[PDB]
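Here is what each chain is made of, one letter per residue.
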Amino acid sequence: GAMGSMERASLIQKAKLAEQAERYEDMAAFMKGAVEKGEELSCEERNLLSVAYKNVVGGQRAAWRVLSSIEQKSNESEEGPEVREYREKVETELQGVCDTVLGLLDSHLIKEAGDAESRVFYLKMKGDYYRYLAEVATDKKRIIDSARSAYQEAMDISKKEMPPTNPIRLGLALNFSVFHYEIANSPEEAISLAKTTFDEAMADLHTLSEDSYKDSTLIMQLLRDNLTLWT
Amino acid sequence: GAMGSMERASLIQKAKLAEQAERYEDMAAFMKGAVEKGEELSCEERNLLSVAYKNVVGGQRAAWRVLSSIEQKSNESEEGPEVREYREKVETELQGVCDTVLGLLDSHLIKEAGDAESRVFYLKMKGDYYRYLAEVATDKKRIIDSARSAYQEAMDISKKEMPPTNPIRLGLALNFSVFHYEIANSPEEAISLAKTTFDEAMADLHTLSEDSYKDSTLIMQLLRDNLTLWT
Amino acid sequence: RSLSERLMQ
Amino acid sequence: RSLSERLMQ
Ligand SMILES: N=C(N)c1cc(-c2ccccc2)c(-c2cn(CCN)cn2)s1
Ligand SMILES: N=C(N)c1cc(-c2ccccc2)c(-c2cn(CCN)cn2)s1
Ligand SMILES: [Cl-]
Ligand SMILES: [Cl-]
Ligand SMILES: [Mg+2]
Ligand SMILES: [Mg+2]
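What counts, and at which threshold
- Residues numbered from 1 in each chain as written, not as in the entry; some residues may be left out.
- Chains lettered and ligands numbered in written order.
- Heavy atoms only, no water.
- Residues with missing side-chain atoms left out of burial classes, pairs and counts.
- UniProt positions renumbered as here; feature names shortened; annotations may be inferred.
- Helix = DSSP H or I, 4+ residues; strand = E, 2+ residues; numbered from the N terminus.
- Rg over C-alpha atoms; globule rule 2.2 N^0.38 Å.
- Near = heavy atom within 4 Å.
- Polar contact = N/O pair within 3.5 Å; in protein donor to acceptor, adjacent residues only side chain to side chain.
- Areas by Shrake-Rupley, 256 points an atom, 1.4 Å probe, with all protein chains shown as cover.
- Nonpolar A, V, L, I, M, F, W, Y, C, P; charged D, E, K, R; others polar.
- Expected span 1.5 Å × (residues − 1).
- Buried < 20%, exposed > 50% of the residue type's maximum accessible area, 1.4 Å probe, protein only.
- Contact = heavy atoms within 4.5 Å.
- Salt bridge = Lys/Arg side-chain N within 4 Å of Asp/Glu carboxyl O.

Looking at the PDB entry, chain A carries the name 14-3-3 protein sigma, with the source organism given as Homo sapiens. The title assigned to this entry in its PDB record is "Crystal structure of 14-3-3 sigma in complex with 13mer Amot-p130 peptide and fragment 09". Annotation of chain A in UniProt includes, under Sequence similarities, the sentence "Belongs to the 14-3-3 family."

Here it is as C-alpha cells:
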C-alpha cells in the first residue's frame with residue numbers, strides 16, 4: 001500500500017489534519033494505511049476511520065441519487081447512453097469504496113475485536129456499508145441479507161453488553177431502523193425499533209453525567225425525528 | 001488522455017451532469033478531455049471549464065490555508081515533520097492543477113482565441129491560475145510577474161473591445177484588484193482599480209436590459225464589498 | 001429520506 | 001480575505 005512506508009502515528013496525525021482541512025479522501029487513505037499496520041484501533045481511531053469513509057461515501061451517495069433521478073426522468077422524454085454511463089461510473093466508484101471498507105473490516109478488524117465497544121462498532125459499520133451497497137443494487141437480496149445479518153449480530157451483542165444509552169448502541173439501532181424502513185420494506189419494524197430504542201434510552205438517562213447525557217440525547221433526537229417522518 | 005475515446009459532445013454532457021452531482025473533479029476531467037479534442041470552446045463550454053477547475057482548486061486552496069495556519073502556529077510550541085509534509089502534499093497537488101489549467105490555455109486555447117470574449121476570458125484565467133500559484137510560492141517573483149502580465153494583456157483588450165459593464169471585463173478587473181491587494185502588496189492600486197471599474201460600470205448600466213443589469217450589478221457588488229473591506 | 005447516525009460534531 | 005469573481009449562480 002502507498003502508506004506502507006509511513007509510521008502509524010504519522011498516519012493518524014495526518015488523518016486528523018486532513019479532517020481539519022476537509023480532505024476526506026486523504027483522511028480515508030491515511031486511516032486505511034493505519035488499519036493496514038495490523039494493530040487494533042483505539043476508540044478515537046475507529047471514529048476517525050468512520051468519519052473519513054462516511055464523508056467519502058456520503059458524497060458518492062448524494063451524487064448517485066442526483067444522477068439516478070436524472071436517469072429515471074429520461075426514461076419516461078427524449079433520449080443517449082451518457083446519463084446511464086456516468087451514473088454507472090459513480091456507482092462503481094461507490095461500490096469500490098464500500099468493498100474497501102468491508103475488506104478492512106474482514107481483514108482483520110472484526111476478528112480481533114473482542115470488547116463490545118469495538119466489536120459492535122465494526123459490525124455496525126459492516127451493516128452500514130452493505131446497506132450502502134444495497135441502495136444501488138438491482139444480487140440485491142444477498143446484499144440486503146448481509147446488511148441484516150451484520151446489524152443483527154451487532155444488536156445481539158449491544159443488548160447484552162451495553163446500556164441502552166450507549167451512543168454506539170443508539171447509533172446502531174438508529175441505522176438498523178433506517179435499514180428496515182428504506183431497504184427492507186419493513187416500515188413497521190423500523191418504527192417499532194426506533195420507539196423501543198428511544199423509550200429504553202429515556203429510562204436510562206438518569207444514570208448519566210451531563211456530558212454523556214448530551215451525547216445520548218443528541219442521537220435520540222434522530223430517532224424521534226425519524227418517527228415523526230414515519231408516522 | 002483517458003477521455004480520448006469519448007465523443008466531445010458526450011464529454012460536455014457529462015460535465016454538466018457532474019456539475020449537477022457536485023462532482024467537480026469529474027467535471028474538470030471531462031472538460032479537459034473536451035479541450036483536448038482541439039476545437040475552440042463556446043461561451044457555455046468556457047464557463048463549464050472555469051467552474052470545474054475553480055471548484056477543484058478552491059477546495060485545495062482552502063485546505064492549504066488551514067494547513068499553512070497550523071504549520072505557522074507549530075513554528076512558534078512543541079514540534080515532527082508531518083504538518084509540513086501534508087501541507088506540501090496538498091500544495092503539490094494544487095500546483096499540479098494550476099499547471100494543468102495553464103497547460104490547456106497554452107496548448108492551445110489562447111493562441112486560437114481571437115474574439116475579445118474568448119481571449120479576455122482565457123487571459124484572465126491565466127492570470128488567476130498564476131495568482132493561485134503565487135499564493136503558495138516562496139521563484140515567487142517570476143510567478144507574480146506572469147500573473148500580472150496575463151491580467152494586463154487581458155485588461156488592455158477588455159478596455160478597447162468591451163463595454164465597462166461586460167461581466168468578463170468586470171470579473172477581470174475584480175480579480176486583478178485582488179491580485180494587487182493580496183499578492184502584489186499594492187493596496188492603493190487595488191482600491192483605485194476597483195473604484196474606477198465600479199464607477200465606469202455604474203455609468204453604463206443605463207444601456208442594459210434587465211437580465212444584463214442583474215448580471216453586471218452582481219459583480220459590481222463584489223467590487224463594492226472589497227472596497228468596504230479595504231477602506 | 002430517513003436520518004441515519006451522524007458524526008460527532 | 002478579499003472577494004474574487006464568483007461563478008454564475
Ligand atoms: N476527530 C473526530 N472526528 C473525533 C474524535 C472523537 C474522539 C474519540 C475519543 C476521544 C476523543 C475524541 C470522536 C468520537 C467519539 N465518539 C464516541 C461518543 N459518541 C464518537 N466520535 S470523533
Ligand atoms: N453550467 C454553468 N455553470 C453555466 C452555464 C452558463 C451559460 C453560458 C452560456 C449560455 C448558457 C449558460 C454560464 C455562464 C454564462 N456566463 C456569462 C454571464 N456572466 C457566465 N457563466 S455558467
Ligand atoms: Cl462516464
Ligand atoms: Cl503527506
Ligand atoms: Mg513503526
Ligand atoms: Mg467525434
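After that view, the rundown keeps rolling.
(A) Seen up close, the overall build of chain A. Scanning chain A from N- to C-terminus turns up nine helices and zero strands. Seen in sequence order, chain A has helices and strands lined up from the N terminus as α-α-α-α-α-α-α-α-α. Scaling as 2.2 N^0.38, a compact globule of 231 residues should have a C-alpha radius of gyration of about 17 Å, and chain A matches this with 19 Å.

(B) The arrangement of the site of ligand 2 in detail. What surrounds ligand 2 is the set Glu19(B), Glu44(B), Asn47(B), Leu48(B), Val51(B), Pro167(B) and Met8(D). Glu19(B) places a side-chain nitrogen or oxygen 2.8 Å from a nitrogen atom of ligand 2. Between ligand 2 and the protein, one listed contact pairs a nitrogen atom with a side-chain N or O atom of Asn47(B) at 3.3 Å. Compared with its free state, where it exposes 500 Å², ligand 2 has 62% of that area covered by protein. In terms of residues, the shell around ligand 2 owes the most to one element, helix α3 (residues 43-74) of chain B, which gives four residues. Class assignment for the residues of the shell around ligand 2 results in four nonpolar, one polar and two charged.

(C) Inspection of helix α2 (residues 24-35) of chain A at higher detail. For α2(A), spanning 12 residues, the distance from its first C-alpha to its last is 16 Å, which sits close to the expected 16 Å at 1.5 Å a residue. Among the residues of α2(A), those classed as buried are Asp26(A), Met27(A), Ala28(A), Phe30(A), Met31(A), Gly33(A), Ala34(A) and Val35(A). On its buried face, α2(A) sits against α1 (8-20), α3 (43-74) and α4 (82-112) of chain A together with α4 (82-112) of chain B.

(D) Representation of the site of ligand 1. Within the structure, ligand 1 sits among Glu19(A), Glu44(A), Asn47(A), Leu48(A), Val51(A), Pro167(A) and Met8(C). The side chain of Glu19(A) places a nitrogen or oxygen atom 2.8 Å from a nitrogen atom of ligand 1. Burial of ligand 1 by the protein chains amounts to 62% of its free accessible area of 500 Å². The biggest single contributor to the shell around ligand 1 is α3(A), with four residues. Taken together, the residues that form the shell around ligand 1 break down as four nonpolar, one polar and two charged.

(E) Region of interest: the pattern of salt bridges. Summed over the entire model, instances satisfying the criterion amount to 36 salt bridges over all chains. Salt-bridge contacts for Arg84(A) lead to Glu88(A); the nearest nitrogen and oxygen are separated by 3.0 Å. One end of the pair is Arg84(A) and the other is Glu88(A), both in helix α4 and four residues apart, which spans about a single turn. By relative accessible area, which is 37% here, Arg84(A) ends up partly exposed. Owing to a relative accessible area of 31%, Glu88(A) belongs among the partly exposed residues under this scheme. Between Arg87(B) and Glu91(B) there is a salt bridge whose closest N-O contact spans 3.0 Å. A residue pair is termed a helical-turn pair when its members lie 3 or 4 positions apart in one helix, as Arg87(B) and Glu91(B) do in helix α4 at four residues.

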